[PDB]
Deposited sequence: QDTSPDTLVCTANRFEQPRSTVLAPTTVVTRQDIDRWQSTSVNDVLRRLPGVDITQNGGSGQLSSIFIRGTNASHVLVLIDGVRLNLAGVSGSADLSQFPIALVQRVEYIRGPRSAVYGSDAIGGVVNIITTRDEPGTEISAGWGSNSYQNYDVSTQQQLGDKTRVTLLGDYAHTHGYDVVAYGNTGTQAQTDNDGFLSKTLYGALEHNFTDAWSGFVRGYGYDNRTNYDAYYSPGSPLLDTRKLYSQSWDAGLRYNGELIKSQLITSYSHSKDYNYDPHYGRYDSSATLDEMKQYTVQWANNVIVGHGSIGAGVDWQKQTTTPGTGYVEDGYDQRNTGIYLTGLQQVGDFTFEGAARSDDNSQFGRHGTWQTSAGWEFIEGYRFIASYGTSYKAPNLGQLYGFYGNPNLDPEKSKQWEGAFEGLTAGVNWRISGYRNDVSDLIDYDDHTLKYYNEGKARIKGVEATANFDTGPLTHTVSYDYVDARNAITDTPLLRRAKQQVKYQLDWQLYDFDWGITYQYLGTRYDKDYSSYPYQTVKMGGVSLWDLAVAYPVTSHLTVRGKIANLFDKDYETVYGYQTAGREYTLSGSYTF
């Protein structure tokens, strides 16, 4: 419903963000009965998730054809820690119980957040405003079991505590336990503070043990015209496979300001980040200490039928030095309800620890660089909200291994051309939400398709209510995809064919406190893989409930 904060770090109406923008709320996730973050994300425009099996296995996110490491995943506005040792976001381990909102903005945004924000940004928000206590649970195929307790209460005027415990367990598997607490205090009606803690202990079967904890603390000012935020953040994760141990601590501090001016806004902040890893983390001998500080400017202005939006950033990285990025967007509502939008942006990706200092390291690498153009038409027609975008993304200085000298070097190039189309509309009691993605992602030097990516995807959601039963059908076509066959050397490129997949979900309020839900995932039990060799789930049944007071 209308607001985002992820585009410039502060609240604005979505109609005011010129980049394509998806919002997923807790209500959606409960209806969809998602038992992981991937299942939430896989439903959205330009998202191509591949996974080495069912839930908990290593996964990669390809937003609009870009590399796994070319999406910025934020947790409550701060770069996901799990992402820091390898330089590529993998959310298979992150607990769905913590996801209260997802804001997903496509197109570049390094001009606000710095490194990784190339294909787009996915911000997972863990805060809810929803007082009262809840107990939920579920049971499903592969002996899935879930138990969950949460409460949000007032501790008098001005203060609130939120607490959550979640236990999720499956067999052949993947066990996950999660604890979250938060305190929110309002000093005046304009001034706020918060302290927020959470941690999860996961186990995945070769046997993996991931633990992570995050602590965030901040001050906010929310005036009639001025807005300010000061947030400090600390993450500690530890990742065992067995005796290999990857450990990282990530510290972040960021001060941002924004003022309403005219019909629009101007903003600015400063951003600092430190990452220390343990000796032997990322198959690198020594422990490292990496630092980054960035300063940026945002702006938004509406003049008559035109909207202009922009951001500009400079980052100083302890390893590669200085890199600047920028982006600008103009939109023209040429007739009421219809709008052309043109965007241009630059973005980048920092080298990772392995590329820099691993056995094959090159300590002098520069960032990977993206330039993107996009053009869109959006409209409201006869009750249909729609949008169609075409984009071009030239990526250069890709960090590639050279076999001859056994070192990483900047040299590869990629060209992505894509089309995004979306629509939502109702027909009597039925709500339809539909998207189509075309992605022609290639190596620009050799002109061959990049690997692991569906060239086409079609995604359709159908929701309705009949007798207090709330039903959701979800359909997805996963198009043809090229991959390597690793069972035989030299590794040949294989073609994986298109697949249709259907899910069926329902919910019923037994009483005003008690809702029961059931789901059949992959209803037609289709055999398929998103990584060659790795078998996905098959038809699965889940059954759950929630008791509120």
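Residues of the deposited sequence missing from the coordinate set occupy positions 1 to 5, 178 to 195, 229 to 240, 278 to 287.
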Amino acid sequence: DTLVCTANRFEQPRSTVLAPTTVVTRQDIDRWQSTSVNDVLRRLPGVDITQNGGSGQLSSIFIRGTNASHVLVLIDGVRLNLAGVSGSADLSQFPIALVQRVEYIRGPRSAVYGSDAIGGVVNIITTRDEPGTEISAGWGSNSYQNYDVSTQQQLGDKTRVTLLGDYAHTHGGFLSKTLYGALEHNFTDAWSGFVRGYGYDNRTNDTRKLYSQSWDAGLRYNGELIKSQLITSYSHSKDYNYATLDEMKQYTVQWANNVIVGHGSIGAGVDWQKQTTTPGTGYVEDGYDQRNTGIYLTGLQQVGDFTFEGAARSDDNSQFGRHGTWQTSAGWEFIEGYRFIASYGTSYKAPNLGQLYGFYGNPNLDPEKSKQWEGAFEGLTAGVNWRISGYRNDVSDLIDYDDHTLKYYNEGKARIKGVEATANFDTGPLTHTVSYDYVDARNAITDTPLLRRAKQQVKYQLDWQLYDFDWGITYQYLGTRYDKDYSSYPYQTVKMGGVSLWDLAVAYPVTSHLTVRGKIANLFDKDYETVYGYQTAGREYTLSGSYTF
From here on, numbers count along this sequence of modelled residues.
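The stretch 483 to 491 shows the higher mean C-alpha B-factor when 483 to 491 is compared against 28 to 36 in the entry.
Mean C-alpha B-factor is higher over 127 to 135 than over the other stretch, the pair under comparison being 179 to 187 and 127 to 135.
The maximum CA B-factor among the listed residues 391, 174, 296, 104, taken from the PDB record, is found at 174. Taking the deposited Cα B-factors for 263, 109, 79, 249, the highest one is held by 263. When the modelled residues of the chain are ordered by their C-alpha B factor, residue 453 lands in the middle third. Among the modelled residues of the chain, residue 19 sits in the lowest third by CA temperature factor in this PDB entry. Sorting the modelled residues of the chain by their CA temperature factor places residue 70 in the lowest third. Among the modelled residues of its chain, residue 515 has a C-alpha B-factor that falls in the middle third, as given in the PDB entry. In the PDB entry, residue 236 places in the middle third of its chain by CA B-factor.
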